[PDB]
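Next up: just one chain, as structure tokens, the form deposited in one PDB entry.
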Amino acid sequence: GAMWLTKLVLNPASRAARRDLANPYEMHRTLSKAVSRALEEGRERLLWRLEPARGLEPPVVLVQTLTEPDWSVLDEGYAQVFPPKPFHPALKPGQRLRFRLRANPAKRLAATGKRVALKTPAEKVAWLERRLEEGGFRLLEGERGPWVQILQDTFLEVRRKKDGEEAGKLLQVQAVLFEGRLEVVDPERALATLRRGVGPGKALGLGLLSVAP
């Protein structure tokens, strides 16, 4: 098949841009409207990442789709958007690549049955590693440890626990931006993995594994 990458530069003057900036559910709904049909028909895995700001630079949202998106669904002036690019990962064994992944390292407690965030850099890096290896990739290892860094570890505001007429607890996920390098071990599998994304929260702008030299 083929893939698509789209760069949205959001207008901080746009109330809708800001609406979606503030709420992943919104952003998800806005984005989802570019690949609606394929979405309905099970032909689409929407994936996106909101890039960390370089200061006065506009917020920038990277989006991957299995199918051709139509951004004419966007209100203007929502975002300066450049024509989507057809994507065709040329993966070969041994090929080394840089990667960026905002994710939610997690496990299900066999004890409680509940899905919980891992707590330590170690556990978080181990998770990312299990996930990459099962996914046809392999972390590169420098002279001291894995060639991988946690650029940020923050909480992502999701939604509020409905409480009777009073504001309840906040629901949020732990979002971990990994950056590093890795090599392809099984091309086709690595492609599956890239087309699917990695771990929970795809609906909130997690799971998008990007790769390039």
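Counting begins at 1, following the sequence as shown. Residues that one form lacks are left out of the comparison. Note that the rigid core is defined as the largest set of C-alphas that superpose within 1.5 Å between two forms.
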Query raised in the report: Of the other entries that cover residues on both sides, do at least a third skip residue 151?
Result: no
Query raised in the report: Is it true that at least a third of the other compared entries have no coordinates for residue 180?
Result: no
Query raised in the report: Quick one: higher average CA temperature factor, 96-104 or 79-87?
Result: 79-87
Requested in this report: Taking the mean of the C-alpha B-factors per stretch from the entry, tell me the winner out of 136-144 and 118-126.
Outcome: 136-144
Requested in this report: Can you pull the Cα B-factors for 196, 18, 189, 202 from the entry and say which is highest?
Outcome: 18
Query raised in the report: Which has the highest CA B-factor per the PDB entry: 163, 26, 70, 51?
Result: 163
Query raised in the report: Taking the entry's C-alpha B-factors for this chain, is residue 212 in the lowest, middle or highest third?
Result: middle
Query raised in the report: Lowest, middle or highest third: where is residue 154 by Cα B-factor in its chain?
Result: middle
Query raised in the report: Hey, what third does residue 167 fall into on Cα B-factor, ranked over its chain?
Result: highest
Query raised in the report: By its CA B factor, does residue 39 count among the lowest, middle or highest third of the modelled residues in the chain?
Result: lowest
Query raised in the report: Where does residue 185 sit by CA temperature factor within its chain: lowest, middle or highest third?
Result: highest
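From this point on, the text means the form deposited in another entry, which you will not see here.
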Query - Threshold 2 Å Cα movement between the shown form and the other one for residue 41, core superposed - result: no
Query raised in the report: Once everything's superposed on the core, is residue 67 shifted 2 Å or more at the Cα between the shown form and the other one?
Result: no
Report task. Using a rigid core alignment, state whether the CA of residue 53 is displaced by 2 Å or more between the shown form and the other one. Result -> yes
Query - Distance trend in the other entry - C-alpha atoms of residue 117 and residue 162, change of 3 Å or more - result: farther
Report task. Report the direction of the Cα distance change between residue 53 and residue 14 in the other entry, compared with the displayed form, as closer or farther; the change is 3 Å or more. Result -> closer
Query - Where the chain shifts between the shown form and the other one once the rigid core is fitted, runs of at least 3 with Cα moving 2 Å or more - result: 52-54, 160-172
